[PDB]
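Here Cβ is always computed from backbone atoms with ideal geometry, including for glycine, and neighbour counts include all displayed protein chains. Coordinate-derived values only; no laboratory data.
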Amino acid sequence: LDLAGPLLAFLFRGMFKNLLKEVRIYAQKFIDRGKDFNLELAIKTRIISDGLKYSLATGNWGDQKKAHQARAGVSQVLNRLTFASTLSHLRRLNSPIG
Amino acid sequence: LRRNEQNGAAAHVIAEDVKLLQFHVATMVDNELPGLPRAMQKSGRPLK
Amino acid sequence: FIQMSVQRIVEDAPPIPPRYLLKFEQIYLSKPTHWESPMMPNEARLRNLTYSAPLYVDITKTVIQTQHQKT
RNA sequence: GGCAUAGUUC
DNA sequence: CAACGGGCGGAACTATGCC
DNA sequence: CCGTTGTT
């Protein structure tokens, strides 16, 4: 059973990899000139922030560009009709079978 | 393609452009052929 | 997840004539705050905000060492 | 305005 | 005999994210 | 799952 830990860790691995790719690209572009290099300007926090926020907001578990094979149905909006509804929503499983 | 065929091309730009126009027209007719680029416009959503 | 998995993911990432090398050391997490200041969950609900905390990291810059804290 | 996803009734 | 393509219920009601 | 078309 993939709970919040495994789900968010799998999601975060890709975003950290993308952040490393972007800082690498920026460093190479700024270093081929040979002038200098900076760290803060090389890091795009928007990647991690927007990626986590989007995946939690829509439920399509993956990157926005590839929301075709992304498995939808994770991260539903909490049911608040009754306390029993809230509890039974918070303790719920799912079989990805079609 | 009209401009290229007027000003003269390199005998392969014309062929590539012909293939590209063929792809665009074919996808306009039907966008579900097996083994095609599957043209999109924005946000990754395929056309209709 | 917060205690172990993010740290492991940071650590297992491979590090990236003059040469430059970087190596991320360890992470940090403050309690959730709002930037315009702690942000309470009810305020996050009322103002259509997002309840979140910032993640920092130590990154070391070397030329062939210089330390950058709380990136 | 439209696209998508989720839940529910019979 | 093997590869390819089309086919797969009916209605209805809310909500949320995004172009 | 099973109707077309190819290959052999």
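Observations on the structure shown:
- B:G35 vs. criteria of a type outside the set (D, E), outside any helix (DSSP H, G or I) and within 16 Å of RNA strand D (Cβ to nearest atom): no
- Qualifying positions in the range C:26-52 - within 11 Å of chain A (Cβ to nearest Cβ) and either touching a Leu at 6+ places or on another chain (Cβ under 6 Å) or within 21 Å of A:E40 (Cβ to Cβ) (or both): C:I27, C:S52
- Helices (runs of 4 or more DSSP H) within chain A that include 3 or more residues more than 16 Å from DNA strand E (Cβ to nearest atom) and within 27 Å of C:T62 (Cβ to Cβ): A:4-32
- Test set (1) within 16 Å of DNA strand E (Cβ to nearest atom); (2) part of a loop (DSSP other than H, G, I, E, B) - B:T27 fails condition number: (2)
- Residue in the range B:3-22 that is within 16 Å of RNA strand D (Cβ to nearest atom) and surrounded by 10 or more Cβ atoms within 10 Å (Cβ to Cβ) present: no
- Cross-chain or 6+ apart pairs with Cβ under 9 Å, the range A:43-61 first and within 13 Å of chain C (Cβ to nearest Cβ) and of a type in the set (S, T, N, Q), then more than 16 Å from RNA strand D (Cβ to nearest atom) and part of a helix (DSSP H, G or I): A:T45/A:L19; A:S55/A:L8; A:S55/A:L11
- A:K53 touching a helix residue (DSSP H, G or I) at 6+ places or on another chain (Cβ under 8 Å), closer than 22 Å to C:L49 by Cβ and not small (G, A, S): no
- Number of the condition not met by A:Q76 [criteria: (1) exposed (fewer than 11 other Cβ atoms within 10 Å of the Cβ); (2) under 30 Å from C:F24 (Cβ atoms)]: (2)
- Just one of (1) more than 14 Å from chain C (Cβ to nearest Cβ); (2) more than 18 Å from the chain's Cα centre (by Cα) fails for A:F30. It is (1).
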